[PDB]
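Notes to accompany the following structure.
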Amino acid sequence: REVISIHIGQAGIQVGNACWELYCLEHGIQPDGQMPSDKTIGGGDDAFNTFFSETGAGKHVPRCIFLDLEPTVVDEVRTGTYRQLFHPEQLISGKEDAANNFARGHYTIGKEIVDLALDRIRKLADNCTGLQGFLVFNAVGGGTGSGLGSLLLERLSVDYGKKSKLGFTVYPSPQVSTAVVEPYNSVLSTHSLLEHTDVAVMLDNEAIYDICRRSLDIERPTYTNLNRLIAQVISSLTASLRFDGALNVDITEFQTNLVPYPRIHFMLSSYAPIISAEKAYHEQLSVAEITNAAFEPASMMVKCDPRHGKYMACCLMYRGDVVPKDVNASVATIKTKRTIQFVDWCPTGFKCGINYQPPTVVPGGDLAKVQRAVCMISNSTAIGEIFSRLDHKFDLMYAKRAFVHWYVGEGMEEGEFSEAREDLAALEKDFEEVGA
Amino acid sequence: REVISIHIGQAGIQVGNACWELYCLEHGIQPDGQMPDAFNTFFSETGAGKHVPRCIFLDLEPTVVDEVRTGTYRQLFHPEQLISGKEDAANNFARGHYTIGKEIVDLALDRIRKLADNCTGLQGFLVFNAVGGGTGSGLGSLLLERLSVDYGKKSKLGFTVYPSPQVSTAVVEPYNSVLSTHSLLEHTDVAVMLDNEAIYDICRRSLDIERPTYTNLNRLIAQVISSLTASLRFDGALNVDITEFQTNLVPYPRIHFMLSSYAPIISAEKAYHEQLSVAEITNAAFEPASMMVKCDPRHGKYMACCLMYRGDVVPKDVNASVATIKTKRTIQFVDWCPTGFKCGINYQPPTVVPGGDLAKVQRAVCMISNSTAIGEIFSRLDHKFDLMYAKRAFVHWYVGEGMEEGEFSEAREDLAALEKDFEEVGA
Amino acid sequence: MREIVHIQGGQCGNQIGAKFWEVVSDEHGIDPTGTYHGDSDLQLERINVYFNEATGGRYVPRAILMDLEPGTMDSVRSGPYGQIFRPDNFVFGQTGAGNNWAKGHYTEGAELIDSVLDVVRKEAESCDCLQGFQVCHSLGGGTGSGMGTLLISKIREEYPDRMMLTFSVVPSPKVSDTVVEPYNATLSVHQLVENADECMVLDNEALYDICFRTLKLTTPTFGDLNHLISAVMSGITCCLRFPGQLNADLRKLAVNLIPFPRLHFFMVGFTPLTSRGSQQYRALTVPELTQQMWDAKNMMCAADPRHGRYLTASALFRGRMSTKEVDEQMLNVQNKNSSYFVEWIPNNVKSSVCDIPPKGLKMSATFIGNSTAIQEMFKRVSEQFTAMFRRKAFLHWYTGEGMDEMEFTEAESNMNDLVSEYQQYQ
Amino acid sequence: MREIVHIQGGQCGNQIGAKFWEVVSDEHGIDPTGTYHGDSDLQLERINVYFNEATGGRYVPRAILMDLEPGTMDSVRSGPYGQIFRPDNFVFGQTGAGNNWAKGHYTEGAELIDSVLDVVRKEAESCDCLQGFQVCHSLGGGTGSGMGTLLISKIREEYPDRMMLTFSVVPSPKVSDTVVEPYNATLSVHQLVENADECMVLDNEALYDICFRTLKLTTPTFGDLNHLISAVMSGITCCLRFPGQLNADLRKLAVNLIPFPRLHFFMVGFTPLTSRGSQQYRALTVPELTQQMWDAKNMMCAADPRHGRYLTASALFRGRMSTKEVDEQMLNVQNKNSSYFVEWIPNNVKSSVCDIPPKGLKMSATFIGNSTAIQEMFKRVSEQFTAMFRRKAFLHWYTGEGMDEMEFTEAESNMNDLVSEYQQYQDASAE
Amino acid sequence: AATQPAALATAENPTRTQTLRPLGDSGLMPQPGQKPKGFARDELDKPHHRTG
Amino acid sequence: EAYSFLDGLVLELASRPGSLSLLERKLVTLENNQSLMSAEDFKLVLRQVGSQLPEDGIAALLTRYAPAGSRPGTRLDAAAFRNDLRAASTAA
Ligand SMILES: Nc1nc2c(ncn2[C@@H]2O[C@H](COP(=O)(O)OP(=O)(O)OP(=O)(O)O)[C@@H](O)[C@H]2O)c(=O)[nH]1
Ligand SMILES: Nc1nc2c(ncn2[C@@H]2O[C@H](COP(=O)(O)OP(=O)(O)O)[C@@H](O)[C@H]2O)c(=O)[nH]1
Ligand SMILES: Nc1nc2c(ncn2[C@@H]2O[C@H](COP(=O)(O)OP(=O)(O)O)[C@@H](O)[C@H]2O)c(=O)[nH]1
Ligand SMILES: [Mg+2]
Ligand SMILES: [Mg+2]
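Residue numbers (the deposited numbering), protein chains in the order written: chain Ky, 2 to 437; chain Kk, 2 to 37, 47 to 437; chain Kj, 1 to 426; chain Kx, 1 to 431; chain PV, 180 to 231; chain On, 309 to 400.
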C-alpha cells in the first residue's frame, strides 16, 4: 500500500514542507536519508513504505513532486536542510510565474511543464505496487495552483481514470484575503474541481487563524503554524494506512461512506484537541470531550456554520489511547444532541476509524503531546452558502469587465466565464435540493 | 453527583474566591491543584494528578479577573473558565442587557456545556451575583434566561445580593434591583437572600471584629454554602439533596425567597468557655440578630424551615431542639403548614481557615427558611424606587442604551403583584 | 419448605433490613463472612426459609434491597455483615425520589420497578413453596413510600395467593422530619388498605419513648431502634424456623386477627426490655413477660389502646415453657379488664409456643394486637392533610407530574371511610 | 469420521476463528507448537473432526482463511496458535472490498472465489463423511458479507445435502461502525434465507451488554466478544467430540429446531457467565444453569424473547449431570411460563447431555432457540434500508458496478415477506 | 495578603479533619446512614451507560 | 554554604520518589513571567513538596541563587536553581 502526493503552487509546497518534516520525524528518518535504527515500534516493519520508497539502501526518497512556476521557493527548498532527502528530479520548477492569472498558467506556461510533471509521476506510479490514490495540495487563489492545477488534474484523470484524487484546496476567506483578482481564479478552478476531484477538503485561512489565536494563543501566527496544523490533519488521516489499528480504514473507504453522489464531494475539516502545552495539563483527555469539540463550529477549519446546514455523513479518525467501547459511547452521545441534526437521507451517518499510535510532536511546534486526538471529516450543506458567498463578489467584478483584458490576452475568452458562473449556480441549486 | 457554580460580576467572583479556597481546604487539595472520591462534586480528576473546579468566572471588568489570575490559586483554575470581558456596564442594567452582553454570554454558555457533558450526575446550577451592579444584574439576567431555555428542568439555585436598606455603595441601584428582580421572578428556582449590613452586624456583635472587610463576609458566605453542600459531599445520618429544598421550602411556584442564618458564629476566645450544644446553636439560628438579611421574621409568619447539622450531632437532640422551638410562641408559623421543618444531619465538622477569625467547633447549624418579611424587603425597596422615578432621575442613561419606559412600568407592576401575592399567601 | 423472601425499601427499610439480617444471621450461627459455624443441629434444618446454599457452607440471604440513592447501598456494603448480600440483589436507581410521592410512584417507579420485579420474580420462583413476602419500608420518604407501594401492588397482581407483611413506619407530628409527610402517608395508606395483606405499624416516637423509659439509654441512635424492630421482626417468624409445642405460621396469625379483610392494621410490642443497670434485679417468669406485654407504654405504635378496644389479639412465645401458665395468664388478663375487649368475639387472644429463645435470653414474647385504637393516628394525619390540602400548599409539585386532584380527594375519602369503620366497630 | 470444515470470512471472521481455534486446541490439549500435550485419553479419539494428523503427533486445523487485506494475516499470526494453520489454506486477495457488498460479490469475489473454492473442495474431500460446513463472518463489511455469502451459495449448489452453519454478526444502530450497513445486511440476509441451512444470529450490542452487566469487565475489547462467540461455537459441537448420555449431532438439532425450511434464524445464549466479584456467592447446580440460560438479558441477539413466542428451543448440557433434573427443569420452564411458547407445537424444548465439560469448568450449557421475536431486528434493519433507498443515497457505488435497481427491490420484498411469515406463524391458531 | 499566610499555615502542618462519628450510649456503633464512597457510585459513573 | 544544603535536599528527595519530579513541575508552573520566584512562594513550594529544611538553609539557597540587582533575600532565580538541581539529582 502506497500513496503519492503532488503539491501545486507556492502554498502547496510549503504545506508539503511541513508534512514531509512531520513524516520524517514520525517515521524516524534522518533528513540525510537513512534510518539510524532498524527496529520499529507500534505499526511494525514496512510501515514507512507508503511514503518513502526504498531506493538503493540507506536512503528513503519521498513519493512526492513539488511542481511550481516561480523558482525562488523551490530553490529555497533545494538549498535548505533537506537537500539529500528529496530527489533533484522531483522538485519541478518553472522559469517564470503565472502571475495570479488562470489563463496564463492554464494556456501559456503550464503547457511546457505539465508533460514533464506527467512523465515523472508516471514512473513514480510505476515504482509503486499498491497505489491507493493521489492526493493534491493547492491554493485556488494563485496562478500555478489554480491554473496549472486544472490542466494537471484533467490529464491525470484522462491518463488514469477512476483513481482517487483527494483535493486539499485552500479557498479565499470571505473577509480576510491577500489577492485582488482571486475570485476569477477560484471560479475557473471550481468549474473543473467539480468534475475531476474525487474528494475535496476545504481549508480557509482565517478559520485556522482564529483557531491559533483562540486555542494555541499565538497572538502573531504565520503560515508555518497553519501548515503544521494541515500536516497534523493529513498525518491523522493516513495513520490508518501507515500503522495498525482496531478499525483501520483505507483511502477508498472515504468515497464509499462520505460521497452520496459523484458530484457532491466537499468536506469540512475539524480537529481536536488543538490545545497549547499549558492548557494541556489542566484539561483531561478522554474520547467524549474531544469528540464533542470536533463538531463545534469554533474548531472547524473552514469559516462556516454547520448549524445552518444538515449533516449528510460524518467520518471520525481516532489516534492514540482509544478503544471501541468509549468511542461508541461518545458517538451515541452525539446523536442525542438536537442542536446538530442529520438529514433523513442517512440515519447511521457515522463512520469511525481507530488507530493506536498517538500523534507525534515536532520541536519548535505549538501543539502539545497528547494521549489521543480526533480528525473529523463531514459532508453538509454549508458548502452551498460558501460557494454563493464567493459567487456574489465574483459577480460584482464581472459586471464592469474588470481585469478581463489580462485573461483574454493570454488565449482564453469570456464564454468560459459565463459557463463557470452557470456551473456555480447549478451547484447551489443542487446543494439546496439535496438539503430538502 | 456533581454541581457546577457560576459567578457573575465583581461580587460573584470574589465570593467564588472565598468559596473555592474553603473547598480546597476541606478536601485537602493544595493550591497548585493536586492532593499530596468525596470531592467529585466540585473537582474533576483531570489528566494525571490534578483537580480542576467545575466553575466559571465571567465579568466585564478585566481587573479583578486578572488579579485572580495572579493570586495564590494561579494554577488551580482551568484558564479558559475565567471569562473576562473588555469593558464593564458601569451600573447600568440596559448597558449590560442590550449592548455588551450579546458577545460574551454566547461564549460563556458555550463553555458551560463543556462542563455539563463532563458531568454525569449533575444536580443543578447555582449562581453567585449582586443585582446592585451593572454586569451582575443586566448580563446575569440574560445568562439565566438562556440557561432556562437551554436546560429548563435542571435546578438553578440563587444567592443574590440586593442593596441593603440604608447602607449602600451606589446611587442608581433601585433601578438595577427592580429590573433584575423582574427576571429573577420566573427564571430562578430558589433564591437565597443576602444583604451587607446583616453580615456586618454579625461580624461586629458576635465575632467582635471592629473593622471587617469583604473578606470576612465572603468567608462566612462560603461557610454557609459549604454547610448546605456537605450533605451531597460527605456522609451523614440523614441527608438532604438539592431537590429537597424545592420540595419542602417553596409551597407555591412564584414564592421562592429564602432567609438564611448561621450558628455558631463564635471567635477563638469565646469558643472555650461556651459549652456548644445543639439546643442553643439551634436557638441562635432563629434570632433576628443572627440572620444574613436585615429583616425581622417576627413581623411575618414562617412558611417553611430547613435545618442543616454538621459534626457531633444526634437525631434525638435535634428532635428535642425542634420540639422546643415549635412550642415557643414568640415565632409563629402559618396555619396551613403544621410540619414546616426539615432536618439534615451530616457527620463532617466545618473546617477552619488558618488566619481566619472563626474557630474550631464540633457542631454548626445553617438555617434556610421561607417567611413573609421578604415582602417587606421588596416593599421597602419599591418605596425608594418610586421616590426617585417620579422626577425621572438618571433615566436618560437607560433610555439612550436602547430600552424604554415600558420596562420600568412593567417591572414596577410586577413588583406590586409580588407584594399582593405575598400578602395574600400570608393570610 | 416454607419460604420467606425479604424486601427492603428506602433508607429506613435498608437500615432495618441490615439490622434484621445481622440478628437472624447471629441466630443461625453464620459468620459475617457467610460460613456456618454454629453448634446445634437445630440451626440447619430450617434455614432455607431465609438463606440459600451456595457452596461449602455459604448461605446467602433471601433479600432484595431497594432504594434510589447510592448512600444507602454504600453504607450497607461498608458495615459488618455487608459481605453476605448478593450484589445482583442490589437493585438500584440513580436519580432519587427525594420526599415526593409522585416521583417514586409514577416517574421513578416506571423505569426501576421492572428490574425490581425481574429480581423478585427470579428469586421467588427459585424456591419451591413460598410462604409469603415480607416488606419493611417507610411512609415519610419518597422511594420508600411510592416505589414500595408500587412494588406492593405489582406483587399483589403477580402472586395473589401468597402472604404479605408490611413493616411500615408512619411519621408522627411530635417527631416530624419532612414537611410533606402527610401527602405521602395518606396516599400510601390508601393503597395499603387494599393491597397489603396485613400491616403492623411502627413509629419512631414510640421507639424513642421505649428506649428512654425502659432501656434507660441517654443517646438512642437509630441503631437501638433498628435493633428493637429487628428483634420484633425475628420474633414473628420464629415458629417457622424452630419446633414448638404449638406452631403458628403467618397465615395462622392472620386468620386469628382479621375478622374483616379491611381491618389489618396491628399495633406491636416486644418484651422483655430492661436496662443494663436493672438487669440483675429482675426474675424471669411468665408473669413478668405478660404484665409488660400488655402495658400501653411498651407498644411500638403511636396509639394508646386504653382509648379503644382490643378487637383481637395475639402472642408469640419463645423458650422452654409451661402452657398452663401461659393460658392462665391470658385468661387472667382477659377477665381482669373486661371493658378493653370486644363483646361479640370471646377468647380474643391467640397463643403460640416456641422452645428456642433468642440468643442470650431464656424467655421472650411478642404481641400483635388488632385494636380499634389504631384509628387515632389516622385522624392525626388526616387532620394535617385536610388543613394543608384546603389551601393547595406544595400541590404544584404533585399536579405537575401526572397526578391531579382526584387522587387526593379519593385519598382522604378512603382515609375517612377506613377510620369511620374502625370507629363503628368500637 | 463425522467431519466439520471451518471457513473464515473477513477481519471479524478471522479474529473469531482465531479465538475459536485457540479454545478448541486448548480443549483437545495441543500446545501452540501444534503437538499433543493433553492429559485425558478421551481427547485423541475424536480430534479427526477438527484436525488432520500431519506428522509426529502434530495436528493442523481443518480451517480456511479468506479475506482481502494483509493486516488480518498479520493479526492472525500475531497471537498464539498462529503457527499451527497450514500456509496453503490462506487463500487471499489483496485489493480490499472496502465496506462494499457489490465489490465483494461481483468485482473482487468473482475471481478470488475460485481459489477458495479449490481450497475448500480439496480439504472437504480429504475426509470421509462431512458433517457439514461452518462459516463465521459479518453482514457489515464487504469481504465478509458479499464474498462470504457468494461462497455460501457456491457450496450450496456444489454440496446440497451436507449441513450448513453460519455464525454471522449483524450490525445494529445502537453500535454502528460504517454508513452503508443496511445496504450490505439486507442483501446478505436475502442470500442467507435461501442458501444457508440455519443461521446462528450474533450481535455486538448484546455481547457488549453481556460483558458489561454480567461479566462486569472494565474494558471489554473485541477479544472478550470473540471469546464468547468461540465458547458458543465450541458448545454447539460438543456432542460429536465427546461421549454423552444423550448425543446430539448438528442435523439432530437442525431437525428438532426448524419446523419449516425458511425459519432457520436462531438466537444465542451461553451459561454460566459470572463476575469474579459474585464468584464466591455462586452455586454449582442445574437450576442455576437453567436460570441464566433462559434469561432474556443473556441472549447474544438484540431481540427480546418476551416480545414474541418460542417456536422451538434446545439446550446442550455438558458435565456429569442427572437426566432427571434436566428433564424436570425443562418441563417446569415449559409449563410455568406457558404464554411465551407456541401452542401448536407441544414439547417445544429439546435437550442433550454430555459428560466432558469445557476446560476450567465443571458444568455448562448452551441455548439455541428458534423464536418469532427475531423478526424485530429484521424490521429494524429494513426501516433504515427503505429510508436510504427511498431517495437513492449512496446508490451510485452499487449500480455503477454491475448491479441494478431490481436487486434492492427484491431484497426488500424477500425480507418483508420473511418477517411477514414469522408474524403469521406467531399469530397462528392451533385449531 | 489574606490568602498567602493561610496557604503557608495550612502547608506547614497539613492535617485534614476526619469525619468523627458520635458514639451512642451502647456497645453498638453509629454506622452512618449513607456514604458517598462505594461500588454503587463507581457503577453509576461508568461511561458505558451513555450508549444505552 | 548552600551547596551542602542542596545536597541534603536532593538526598532527602531521593526517598518518596514522587516528590522529586513534583518539585520541578511546581517550579515551572508557579514561575513568574520571567524566571523569578518569591521567597514566600519558594518556601511554600518546599513545604508542600514534603521537604522539611531549616529556615537558615532556605536563606542560604536564596542567597546562592538570588537574581542580580534585587534584595539578597527577596527573590530566587527559578530557571538557574532548577537547572542546577537537575545536575545534583542526576549525580545521585
Ligand atoms: N457581600 C459582598 N458584596 C459585594 C462584594 N463585592 C461587591 N459587592 C456588592 O456589589 C455591589 C455592586 O456590584 P458589583 O459586583 O460591585 O459591580 P458589578 O456587578 O461588577 O457591576 P459593574 O460595576 O457595573 O461592572 C456593591 O454595592 C457591593 O455591595 C463582595 O465581595 N462581597
Ligand atoms: N426506625 C428507623 N427510622 C428511620 C431510619 N432511618 C430513617 N428513618 C426515618 O425515616 C424518615 C425519612 O425517611 P427517608 O430517608 O426519606 O426514606 P426514603 O426517602 O424513602 O429512602 C425519617 O423521619 C427518619 O426518622 C432507621 O434506621 N430506623
Ligand atoms: N464480535 C466482533 N465483531 C467485530 C470484530 N471485528 C469487527 N467487528 C465488527 O464488524 C463490523 C465491520 O466489519 P468489517 O471489519 O468491515 O469486516 P470485513 O471488512 O468484511 O472484513 C464492525 O461494526 C465491527 O463492530 C471482532 O473481532 N469481533
Ligand atoms: Mg501561486
Ligand atoms: Mg463592576
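Built from N, CA and C at the ideal position, the CB exists for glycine as well.
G96, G98, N99 and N100: these are the residues of the region 91 to 102 of chain Kx whose beta carbon lies less than 7 Å from some beta carbon of chain Ky, given in chain order. Kk:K112: member of the alpha helix (DSSP H) spanning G111 to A126, first to last residue. When Cβ pairs closer than 8 Å are counted between the two stretches, the region 313 to 323 of chain Kx is seen to touch the region 350 to 357 of chain Kx, the count reaching three or more. Between Ky:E414 and Ky:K163, the alpha-carbon positions lie close to 30 Å from each other. For a cut-off of 8 Å, the C-beta gap from Kj:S75 to PV:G212 is around 6 Å, short enough to register as a contact.
Contact note: Kx:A283 reaches chain Kj through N52, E53, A54 and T55, using a C-beta cutoff of 8 Å and chain order. Of the candidates Kj:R262, Kj:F242 and Kj:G319, the residue whose Cα lies closest to the Cα of Kj:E45 is Kj:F242. With a contact defined as Cβ atoms closer than 8 Å, Kx:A365 and Kx:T271 qualify at about 4 Å. By the Cβ neighbour-count rule, Kk:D367 is buried, with 16 or more other Cβ atoms within 10 Å of its own. Per the coordinates, the alpha-carbon of Kj:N370 lies some 11 Å from the alpha-carbon of Kj:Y422. For Kx:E328, the enclosing alpha helix (DSSP H) has its first and last residue at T323 to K336.
Within chain PV, the residues whose beta carbon sits less than 7 Å from that of Ky:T334 are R229, listed in sequence order. As a beta-bridge residue in DSSP terms, Kj:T35 pairs with Kj:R58. Contact annotation: in the region 343 to 356 of chain Ky, residues whose CB is within less than 8 Å of a CB in chain Kx are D345, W346, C347, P348, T349, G350, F351, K352 and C353.
For Kk:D392, the nearest beta carbon of chain On is not closer than 8 Å to its own beta carbon. Going by DSSP, Kx:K19 is part of the alpha helix (DSSP H) stretching over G10 to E27. Within the region 247 to 271 of chain Kk, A247, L248, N249, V250, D251, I252, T253, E254, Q256, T257, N258, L259, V260, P261, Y262 and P263 place their CB atoms closer than 9 Å to a CB of chain Kj, listed in sequence order. Beta-bridge partners assigned by DSSP to Ky:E183: none are found. Taking 8 Å as the CB threshold, Ky:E220 stays off the interface with chain Kk.
For Ky:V137, the secondary structure class from DSSP, reduced to helix, strand or coil, is strand. As a beta-bridge residue in DSSP terms, Ky:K166 pairs with Ky:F135. Proximity of the beta carbon of Kk:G111 to ligand 4 is not indicated: no heavy atom of the ligand is located closer than 7 Å.
Not one beta carbon of chain PV lies nearer than 8 Å to the beta carbon of Kk:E434. Taking 8 Å as the cut-off, the beta carbon of Kk:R64 is found closer than this to the beta carbon of Kk:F52. In this structure, the beta-carbon distance from Kk:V202 to Kk:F169 falls below 8 Å.
Under the three-state reduction of DSSP, Ky:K370 is assigned to coil, being neither helix nor strand.
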